[PDB]
Amino acid sequence: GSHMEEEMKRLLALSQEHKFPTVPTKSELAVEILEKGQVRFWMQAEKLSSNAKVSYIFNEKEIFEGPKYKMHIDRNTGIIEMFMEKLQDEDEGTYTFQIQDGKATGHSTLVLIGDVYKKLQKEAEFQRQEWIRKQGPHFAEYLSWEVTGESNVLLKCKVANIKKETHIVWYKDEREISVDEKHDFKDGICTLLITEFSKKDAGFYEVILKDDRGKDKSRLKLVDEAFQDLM
């Protein structure tokens, strides 16, 4: 139609322009289930003078910072950070932050109760990506193989941000490809020679990281012998 309203309704939907739930203050107090998959309350609050009060309310009651609800405000204008690490209350979940600075006052409520949270949890899914249990956003070392002229796969990973001893170490499902470790350095990126591979030796070439923490192995499934056969 001439209105083309819906069409723009899509375009604006594409922009994904958020940041609206404010008040006389500057609340953006919404519910962000973090990457770690936890609960997050966050409004802004540009003014912490005298009266300047924020009221943590849960289930129609005013609560306080402590173990179950942790709050952290660094009064740089009054940014309100607040966390919750799960549900485990009496399954209930509803928080109203009413803030006022000086003479102004604003309300902001969040809800995550069993029936409700499960809803936000889907959205959390995007963040729920807890598979990482370590690397998180942006990895450090990565594999990469290349069948060289001799038809061998030249296994090589690539190192990043790390200062302990060496970087990685090639493996193969508990099988340690035992090469000279720290005697001849092998520092930086490491390259080996899969001089022919076999469908009974193939699988995945493991990269292992042990440093000032525990470990860290991440690898893909390598098959070359199946291709060699085609050569």
# chains A, B, ... in the order shown; residues from 1 in each chain; ligands from 1

call {"tool": "closest_atom_pairs", "arguments": {"of": "segment 74-139 of chain A", "to": "segment 30-41 of chain A", "cutoff": "9 Å", "atoms": "only C-alpha atoms", "output": "CSV"}}
result
residue,atom,partner,partner_atom,distance
A:80,CA,A:41,CA,7.9
A:81,CA,A:41,CA,6.3
A:82,CA,A:41,CA,5.0
A:83,CA,A:40,CA,4.8
A:84,CA,A:39,CA,4.7
A:85,CA,A:38,CA,4.8
A:86,CA,A:38,CA,5.9
A:87,CA,A:39,CA,8.5
A:95,CA,A:41,CA,9.0
A:108,CA,A:30,CA,8.2
A:109,CA,A:30,CA,7.9
A:110,CA,A:30,CA,6.4
A:111,CA,A:31,CA,8.1
A:112,CA,A:31,CA,8.5
A:120,CA,A:33,CA,7.8
A:121,CA,A:33,CA,7.5
A:123,CA,A:33,CA,8.2
A:124,CA,A:33,CA,5.4
A:125,CA,A:37,CA,8.2
A:126,CA,A:35,CA,8.0
A:127,CA,A:35,CA,4.3
A:128,CA,A:37,CA,5.1
A:129,CA,A:35,CA,7.1
A:130,CA,A:36,CA,6.6
A:133,CA,A:36,CA,8.9
A:136,CA,A:35,CA,8.7

call {"tool": "write_last_selection", "arguments": {"atoms": "N, CA, C and O atoms", "output": "compact mmCIF listing (two decimals), in the first residue's frame"}}
result
# COMPACT_ATOMS: atom_id res chain seq x y z
N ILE A 80 24.70 2.08 37.75
CA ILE A 80 24.22 1.00 38.58
C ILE A 80 24.41 -0.34 37.93
O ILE A 80 23.71 -0.68 36.96
N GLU A 81 25.36 -1.07 38.44
CA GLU A 81 25.55 -2.43 38.02
C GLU A 81 25.07 -3.36 39.12
O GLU A 81 25.28 -3.11 40.29
N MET A 82 24.42 -4.41 38.73
CA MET A 82 23.88 -5.34 39.66
C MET A 82 23.75 -6.71 39.01
O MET A 82 23.36 -6.83 37.85
N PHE A 83 24.08 -7.72 39.76
CA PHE A 83 24.15 -9.06 39.23
C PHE A 83 23.33 -10.04 40.01
O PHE A 83 23.02 -9.83 41.19
N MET A 84 22.98 -11.11 39.34
CA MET A 84 22.35 -12.24 39.94
C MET A 84 22.90 -13.43 39.19
O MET A 84 23.06 -13.38 37.98
N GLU A 85 23.22 -14.44 39.88
CA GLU A 85 23.97 -15.55 39.31
C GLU A 85 23.11 -16.73 38.95
O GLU A 85 23.62 -17.73 38.44
N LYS A 86 21.81 -16.64 39.18
CA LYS A 86 20.91 -17.75 38.93
C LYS A 86 19.49 -17.36 39.31
O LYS A 86 19.14 -16.18 39.28
N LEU A 87 18.70 -18.33 39.64
CA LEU A 87 17.36 -18.10 40.12
C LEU A 87 17.32 -18.38 41.61
O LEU A 87 17.35 -17.47 42.41
N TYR A 95 11.86 -7.58 39.92
CA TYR A 95 12.59 -6.50 40.57
C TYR A 95 12.24 -5.15 40.02
O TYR A 95 12.29 -4.95 38.82
N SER A 108 11.32 1.36 37.17
CA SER A 108 11.81 0.39 36.20
C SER A 108 11.73 -1.01 36.77
O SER A 108 12.37 -1.32 37.76
N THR A 109 10.95 -1.86 36.14
CA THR A 109 10.76 -3.21 36.66
C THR A 109 11.18 -4.30 35.69
O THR A 109 11.01 -4.19 34.47
N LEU A 110 11.71 -5.37 36.26
CA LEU A 110 12.18 -6.53 35.53
C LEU A 110 11.53 -7.74 36.10
O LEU A 110 11.24 -7.78 37.29
N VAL A 111 11.29 -8.72 35.29
CA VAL A 111 10.65 -9.92 35.78
C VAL A 111 11.31 -11.18 35.22
O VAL A 111 11.53 -11.31 34.01
N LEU A 112 11.67 -12.07 36.12
CA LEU A 112 12.21 -13.35 35.79
C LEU A 112 11.90 -14.35 36.83
O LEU A 112 12.65 -14.61 37.76
N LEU A 120 13.23 -15.58 28.76
CA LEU A 120 14.45 -14.83 28.53
C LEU A 120 15.63 -15.75 28.30
O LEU A 120 16.58 -15.38 27.65
N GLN A 121 15.57 -16.96 28.86
CA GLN A 121 16.66 -17.91 28.70
C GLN A 121 16.87 -18.28 27.22
O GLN A 121 17.98 -18.43 26.80
N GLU A 123 16.40 -16.34 24.70
CA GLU A 123 17.21 -15.21 24.26
C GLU A 123 18.65 -15.35 24.84
O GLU A 123 19.69 -15.15 24.14
N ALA A 124 18.72 -15.75 26.11
CA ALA A 124 19.98 -16.03 26.74
C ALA A 124 20.78 -17.03 25.93
O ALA A 124 21.91 -16.88 25.87
N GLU A 125 20.15 -18.15 25.47
CA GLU A 125 20.78 -19.09 24.49
C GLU A 125 21.92 -18.46 23.72
O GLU A 125 23.05 -18.96 23.78
N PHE A 126 21.61 -17.41 22.96
CA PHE A 126 22.69 -16.61 22.27
C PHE A 126 23.93 -16.41 23.16
O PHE A 126 25.07 -16.51 22.70
N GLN A 127 23.69 -16.14 24.42
CA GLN A 127 24.78 -15.91 25.41
C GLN A 127 25.15 -17.23 26.14
O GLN A 127 26.28 -17.44 26.53
N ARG A 128 24.13 -18.09 26.31
CA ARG A 128 24.20 -19.43 26.95
C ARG A 128 25.29 -20.32 26.37
O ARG A 128 25.48 -21.42 26.84
N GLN A 129 25.85 -19.89 25.27
CA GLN A 129 26.99 -20.56 24.55
C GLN A 129 28.18 -21.04 25.46
O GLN A 129 29.33 -21.10 24.99
N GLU A 130 27.90 -21.41 26.70
CA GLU A 130 28.85 -21.80 27.73
C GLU A 130 29.80 -22.95 27.31
O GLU A 130 30.66 -23.33 28.09
N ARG A 133 33.58 -22.70 28.07
CA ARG A 133 34.09 -22.95 29.44
C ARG A 133 35.58 -22.54 29.61
O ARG A 133 36.28 -23.16 30.41
N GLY A 136 36.25 -18.39 25.39
CA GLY A 136 35.31 -17.35 25.28
C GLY A 136 35.41 -16.66 23.93
O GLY A 136 35.57 -17.33 22.90

call {"tool": "residues_around", "arguments": {"residues": "residue 176 of chain A", "least_positions_apart": "4", "cutoff": "12 Å", "atoms": "only C-alpha atoms", "output": "PDB file with C-alpha atoms, in the first residue's frame"}}
result
ATOM      1  CA  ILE A 168      51.050 -26.072  22.156  1.00  0.00           C
ATOM      2  CA  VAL A 169      51.858 -29.699  21.550  1.00  0.00           C
ATOM      3  CA  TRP A 170      50.558 -32.008  18.820  1.00  0.00           C
ATOM      4  CA  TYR A 171      48.519 -34.950  19.945  1.00  0.00           C
ATOM      5  CA  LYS A 172      46.022 -37.474  18.654  1.00  0.00           C
ATOM      6  CA  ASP A 180      61.813 -32.341  20.576  1.00  0.00           C
ATOM      7  CA  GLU A 181      60.056 -29.979  22.950  1.00  0.00           C
ATOM      8  CA  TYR A 205      45.073 -33.709  15.537  1.00  0.00           C
ATOM      9  CA  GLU A 206      44.897 -32.255  19.041  1.00  0.00           C
ATOM     10  CA  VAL A 207      46.351 -28.955  20.096  1.00  0.00           C
ATOM     11  CA  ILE A 208      47.088 -28.691  23.807  1.00  0.00           C
TER      12      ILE A 208
END

call {"tool": "atom_distance", "arguments": {"atom1": "atom CA of residue 223 of chain A", "atom2": "atom CA of residue 166 of chain A"}}
result
26.8 Å

call {"tool": "select_by_dssp", "arguments": {"residues": "segment 9-202 of chain A", "states": "strand (DSSP E)", "output": "PyMOL selection string"}}
result
chain A and resi 30-31+39-43+53-58+61-62+70-73+80-84+94-101+104-111

call {"tool": "write_last_selection", "arguments": {"atoms": "N, CA and C atoms", "output": "CSV table (one decimal), in the first residue's frame"}}
result
chain,number,residue,atom,x,y,z
A,30,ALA,N,17.3,-3.1,32.0
A,30,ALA,CA,16.6,-4.2,31.5
A,30,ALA,C,17.2,-5.5,32.0
A,31,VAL,N,17.1,-6.6,31.3
A,31,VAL,CA,17.5,-8.0,31.8
A,31,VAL,C,18.4,-8.6,30.8
A,39,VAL,N,22.3,-13.3,35.4
A,39,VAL,CA,21.3,-12.3,35.4
A,39,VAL,C,22.0,-10.9,35.5
A,40,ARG,N,21.5,-9.9,34.8
A,40,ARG,CA,22.2,-8.5,34.9
A,40,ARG,C,21.1,-7.4,35.0
A,41,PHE,N,21.2,-6.6,36.0
A,41,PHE,CA,20.3,-5.4,36.2
A,41,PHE,C,21.2,-4.2,35.9
A,42,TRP,N,20.8,-3.3,34.9
A,42,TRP,CA,21.6,-2.1,34.6
A,42,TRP,C,20.8,-1.0,34.1
A,43,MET,N,20.8,0.1,34.9
A,43,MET,CA,20.2,1.4,34.6
A,43,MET,C,21.3,2.3,34.6
A,53,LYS,N,18.9,8.3,45.5
A,53,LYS,CA,18.6,7.0,46.0
A,53,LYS,C,18.1,6.1,44.9
A,54,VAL,N,18.5,4.8,45.1
A,54,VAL,CA,18.1,3.8,44.2
A,54,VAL,C,17.5,2.7,45.1
A,55,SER,N,16.3,2.2,44.8
A,55,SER,CA,15.7,1.3,45.6
A,55,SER,C,15.6,-0.1,44.9
A,56,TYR,N,16.2,-1.0,45.5
A,56,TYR,CA,16.1,-2.4,45.0
A,56,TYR,C,14.9,-3.0,45.5
A,57,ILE,N,14.0,-3.4,44.7
A,57,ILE,CA,12.7,-4.0,45.1
A,57,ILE,C,12.6,-5.3,44.4
A,58,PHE,N,12.2,-6.3,45.1
A,58,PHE,CA,12.0,-7.7,44.6
A,58,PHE,C,10.7,-8.2,45.2
A,61,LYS,N,8.9,-5.9,47.6
A,61,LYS,CA,9.6,-5.7,48.8
A,61,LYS,C,10.9,-5.0,48.4
A,62,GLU,N,11.4,-4.2,49.3
A,62,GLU,CA,12.7,-3.6,49.1
A,62,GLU,C,13.8,-4.4,49.6
A,70,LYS,N,23.7,-9.1,44.2
A,70,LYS,CA,24.9,-8.3,44.4
A,70,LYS,C,24.8,-7.1,43.6
A,71,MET,N,25.1,-6.0,44.2
A,71,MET,CA,25.0,-4.7,43.6
A,71,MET,C,26.4,-4.0,43.6
A,72,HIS,N,26.7,-3.3,42.6
A,72,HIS,CA,27.9,-2.5,42.5
A,72,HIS,C,27.7,-1.3,41.7
A,73,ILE,N,27.8,-0.1,42.4
A,73,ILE,CA,27.7,1.2,41.8
A,73,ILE,C,29.0,1.9,42.0
A,80,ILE,N,24.7,2.1,37.7
A,80,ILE,CA,24.2,1.0,38.6
A,80,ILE,C,24.4,-0.3,37.9
A,81,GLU,N,25.4,-1.1,38.4
A,81,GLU,CA,25.6,-2.4,38.0
A,81,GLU,C,25.1,-3.4,39.1
A,82,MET,N,24.4,-4.4,38.7
A,82,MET,CA,23.9,-5.3,39.7
A,82,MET,C,23.8,-6.7,39.0
A,83,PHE,N,24.1,-7.7,39.8
A,83,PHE,CA,24.2,-9.1,39.2
A,83,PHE,C,23.3,-10.0,40.0
A,84,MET,N,23.0,-11.1,39.3
A,84,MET,CA,22.3,-12.2,39.9
A,84,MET,C,22.9,-13.4,39.2
A,94,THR,N,11.0,-10.9,40.4
A,94,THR,CA,10.4,-9.6,39.9
A,94,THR,C,11.1,-8.4,40.7
A,95,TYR,N,11.9,-7.6,39.9
A,95,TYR,CA,12.6,-6.5,40.6
A,95,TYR,C,12.2,-5.1,40.0
A,96,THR,N,11.9,-4.2,40.9
A,96,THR,CA,11.6,-2.9,40.5
A,96,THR,C,12.6,-1.9,41.0
A,97,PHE,N,13.4,-1.3,40.1
A,97,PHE,CA,14.3,-0.2,40.6
A,97,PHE,C,13.6,1.1,40.4
A,98,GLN,N,13.4,1.7,41.5
A,98,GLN,CA,12.9,3.1,41.5
A,98,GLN,C,14.0,4.0,42.0
A,99,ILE,N,14.5,4.9,41.1
A,99,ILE,CA,15.6,5.7,41.4
A,99,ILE,C,15.2,7.2,41.4
A,100,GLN,N,15.8,8.0,42.2
A,100,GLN,CA,15.5,9.3,42.2
A,100,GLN,C,16.7,10.1,42.6
A,101,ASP,N,17.0,11.2,41.9
A,101,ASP,CA,18.1,12.0,42.2
A,101,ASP,C,17.6,13.4,42.5
A,104,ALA,N,13.9,14.4,41.2
A,104,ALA,CA,13.3,13.6,40.1
A,104,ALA,C,13.1,12.2,40.5
A,105,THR,N,12.2,11.4,39.9
A,105,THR,CA,12.0,10.0,40.3
A,105,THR,C,11.6,9.2,39.1
A,106,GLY,N,12.1,7.9,39.1
A,106,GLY,CA,11.8,7.1,37.9
A,106,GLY,C,11.6,5.6,38.4
A,107,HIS,N,10.8,4.9,37.7
A,107,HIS,CA,10.5,3.5,38.0
A,107,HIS,C,10.9,2.6,36.8
A,108,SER,N,11.3,1.4,37.2
A,108,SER,CA,11.8,0.4,36.2
A,108,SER,C,11.7,-1.0,36.8
A,109,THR,N,10.9,-1.9,36.1
A,109,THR,CA,10.8,-3.2,36.7
A,109,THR,C,11.2,-4.3,35.7
A,110,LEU,N,11.7,-5.4,36.3
A,110,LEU,CA,12.2,-6.5,35.5
A,110,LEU,C,11.5,-7.7,36.1
A,111,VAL,N,11.3,-8.7,35.3
A,111,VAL,CA,10.7,-9.9,35.8
A,111,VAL,C,11.3,-11.2,35.2

call {"tool": "residues_around", "arguments": {"residues": "residue 212 of chain A", "least_positions_apart": "4", "cutoff": "12 Å", "atoms": "only C-alpha atoms", "output": "MDAnalysis selection string"}}
result
chainID A and resid 162:167 216

call {"tool": "write_last_selection", "arguments": {"atoms": "N, CA and C atoms", "output": "mmCIF file, in the first residue's frame"}}
result
data_model
loop_
_atom_site.group_PDB
_atom_site.id
_atom_site.type_symbol
_atom_site.label_atom_id
_atom_site.label_comp_id
_atom_site.auth_asym_id
_atom_site.auth_seq_id
_atom_site.Cartn_x
_atom_site.Cartn_y
_atom_site.Cartn_z
ATOM 1 N N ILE A 162 50.250 -15.432 24.871
ATOM 2 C CA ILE A 162 50.607 -16.452 25.862
ATOM 3 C C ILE A 162 52.111 -16.349 26.248
ATOM 4 N N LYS A 163 52.401 -16.279 27.563
ATOM 5 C CA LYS A 163 53.796 -16.146 28.031
ATOM 6 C C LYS A 163 54.129 -17.067 29.231
ATOM 7 N N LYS A 164 54.236 -18.373 29.000
ATOM 8 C CA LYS A 164 54.625 -19.297 30.078
ATOM 9 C C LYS A 164 55.925 -20.051 29.732
ATOM 10 N N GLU A 165 55.779 -21.079 28.907
ATOM 11 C CA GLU A 165 56.905 -21.888 28.466
ATOM 12 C C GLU A 165 56.927 -21.979 26.957
ATOM 13 N N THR A 166 56.307 -22.992 26.415
ATOM 14 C CA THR A 166 56.134 -23.094 25.008
ATOM 15 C C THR A 166 54.661 -22.850 24.743
ATOM 16 N N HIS A 167 54.207 -23.065 23.540
ATOM 17 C CA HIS A 167 52.808 -22.899 23.221
ATOM 18 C C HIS A 167 52.048 -24.216 23.352
ATOM 19 N N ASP A 216 44.049 -26.650 27.812
ATOM 20 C CA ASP A 216 43.235 -26.075 26.745
ATOM 21 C C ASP A 216 43.537 -26.791 25.448
#

call {"tool": "closest_atom_pairs", "arguments": {"of": "segment 70-151 of chain A", "to": "segment 187-194 of chain A", "cutoff": "12 Å", "atoms": "only C-alpha atoms", "output": "JSON lines"}}
result
{"residue": "A:140", "atom": "CA", "partner": "A:189", "partner_atom": "CA", "distance": 11.8}
{"residue": "A:141", "atom": "CA", "partner": "A:189", "partner_atom": "CA", "distance": 9.1}
{"residue": "A:142", "atom": "CA", "partner": "A:189", "partner_atom": "CA", "distance": 9.9}
{"residue": "A:143", "atom": "CA", "partner": "A:190", "partner_atom": "CA", "distance": 9.7}
{"residue": "A:144", "atom": "CA", "partner": "A:191", "partner_atom": "CA", "distance": 9.7}
{"residue": "A:145", "atom": "CA", "partner": "A:191", "partner_atom": "CA", "distance": 9.1}
{"residue": "A:146", "atom": "CA", "partner": "A:194", "partner_atom": "CA", "distance": 9.6}
{"residue": "A:147", "atom": "CA", "partner": "A:194", "partner_atom": "CA", "distance": 8.6}
{"residue": "A:148", "atom": "CA", "partner": "A:193", "partner_atom": "CA", "distance": 9.0}
{"residue": "A:149", "atom": "CA", "partner": "A:193", "partner_atom": "CA", "distance": 11.5}
{"residue": "A:150", "atom": "CA", "partner": "A:193", "partner_atom": "CA", "distance": 9.9}
{"residue": "A:151", "atom": "CA", "partner": "A:194", "partner_atom": "CA", "distance": 8.8}
